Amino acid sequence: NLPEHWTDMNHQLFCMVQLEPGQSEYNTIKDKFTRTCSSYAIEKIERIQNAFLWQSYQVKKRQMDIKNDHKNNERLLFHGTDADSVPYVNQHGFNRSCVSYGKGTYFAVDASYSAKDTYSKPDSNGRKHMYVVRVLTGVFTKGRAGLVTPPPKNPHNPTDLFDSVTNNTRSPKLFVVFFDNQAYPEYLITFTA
């Protein structure tokens, strides 16, 4: 079933819902962004209500919670993208087919890393786009150029994989996931430098 904080979708399966500034949900997401991006200007925040992406994500979450025998497999991370990818992500999520720690989709711990113009490319009017993403990072190891999946947890058990890779395991600043339904885009932040 669809999370409690969602709003009614009149029997539809997809909706982008603008948050009211100063209400609790808006303040919580705004604070995560302004922790490292307080010099920027927030035009709006939208909640992504994608029923199909949510269902597929929650399945993979239940599966990861069984496989790893604990429930700290999920992290809140950031993803900067160009305005032309936004409609695709809203509808179909992150696609690795669209890379120094591997050929997957990249998420940042800090909004400031996602805020770089090379990730959240400014459009004509200077508008920049960053997602807040639920990511199933699960059990992770250091990444390396050319990975197509995470490496195995043991060379003698070649099909038992890590869930994600990172730049640095003691102190991660990015995570790379290699499979379709391992990230759910929860909020879109429209903002300017």
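Think of the rigid core as the biggest set of C-alphas that the two forms share within 1.5 Å after superposition. Position 1 is the first residue in the sequence shown; the rest follow in order.
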Higher-deviation segment by CA RMS in 9 other deposited structures of this protein, core fitted, 68 to 76 or 84 to 92: 68 to 76
Where residue 98 meets residue 99 in the shown sequence, the number of deposited residues left unmodelled: 4 to 9
Using only the Cα atoms and their B-factors as the entry lists them, report which of 1 to 9 and 184 to 192 averages higher. 1 to 9
On average, which has the higher Cα B-factor in the deposited entry, 120 to 128 or 133 to 141? 120 to 128
Return the residue from 114, 90, 72, 105 that has the highest Cα B-factor in the entry. 72
Which of 166, 55, 68, 49 ranks first by CA B-factor in the deposited coordinates: 68
Assert third(CA B-factor, residue 59) within chain per record equals lowest
Quick one: classify residue 76 as lowest, middle or highest third of the chain based on its Cα B-factor. middle
Grab the CA temperature factor for residue 146 from the record and place it in the lowest, middle or highest third of its chain. lowest
